[PDB]
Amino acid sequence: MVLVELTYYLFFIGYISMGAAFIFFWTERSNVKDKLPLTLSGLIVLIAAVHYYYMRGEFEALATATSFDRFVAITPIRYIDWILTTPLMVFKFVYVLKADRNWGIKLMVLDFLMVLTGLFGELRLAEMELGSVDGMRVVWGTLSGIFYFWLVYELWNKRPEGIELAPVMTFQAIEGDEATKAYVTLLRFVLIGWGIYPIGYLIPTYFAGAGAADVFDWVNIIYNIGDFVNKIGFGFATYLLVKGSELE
């Protein structure tokens, strides 16, 4: 029961924290002339807050069902959230950087295909006999990982000069202008923050049997913490960076 209660309250912390972040970002856009980036940050957490509210209510509605049933009932809503918010996050980065728009469009397409193929593998769970590993689940997840690494490759290939993997992955304070620091920040969220999701995806793929009770609530805990870190953390990291870029 304690693992169920913890999962339940993490959904609550999620929608409260997303809503508080929305209020913050939406208020702070009144103090800037270029209101688009904070508008986008606010829309991302507002969308996530609405979906977390309903995910919490659905989780509670299935407190007497299996954790597998709780997971298959809730996760499609999480993918709808991912499919709406992650293109907005990519567009916001490309916009603030003033990057090539056609390059930005390709990044958004790769992100969309990443989430969409992942969704196809999620939909295989309800058609799975447990103890078995589903072929299409592994194929869709692999293709989703390919779109993710394709996205990572494009971001890495365009990184500012001097940026190396070890300083990025070890959270070194990197020197440069706002564009360089903003690029390093995005790389860290995509390479480290976004890597939590494929790890969670591995659990319903290969560990749904294996004698373990309640692996699926652990996957919800992993995804919930990932959403909190990736949406609120990236929103506030970029807000602080743009605030410090002012030359006036």
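Note that residue numbering begins at 1 and tracks the sequence as displayed.
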Pick between 192-200 and 25-33: the one whose mean CA B-factor in the entry is higher. 25-33
Looking at the deposited entry, does 183-191 or 203-211 carry the larger mean Cα B-factor? 203-211
Which is it among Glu122, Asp81, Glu175, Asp111: the one with the largest CA B-factor in the entry? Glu175
Highest CA temperature factor in the entry: which of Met89, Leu143, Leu130, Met136? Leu130
Among the chain's modelled residues, which third holds the C-alpha B-factor of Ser41? middle
Among modelled residues of the same chain, the CA temperature factor third for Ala65: highest
Within-chain third of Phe149 by Cα B-factor, per the entry: middle
Sorting the chain's modelled residues by C-alpha B-factor and splitting them into thirds places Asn157 in the highest
Using the temperature factors of the C-alpha atoms in this entry, rank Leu116 within its chain: lowest, middle or highest third. lowest
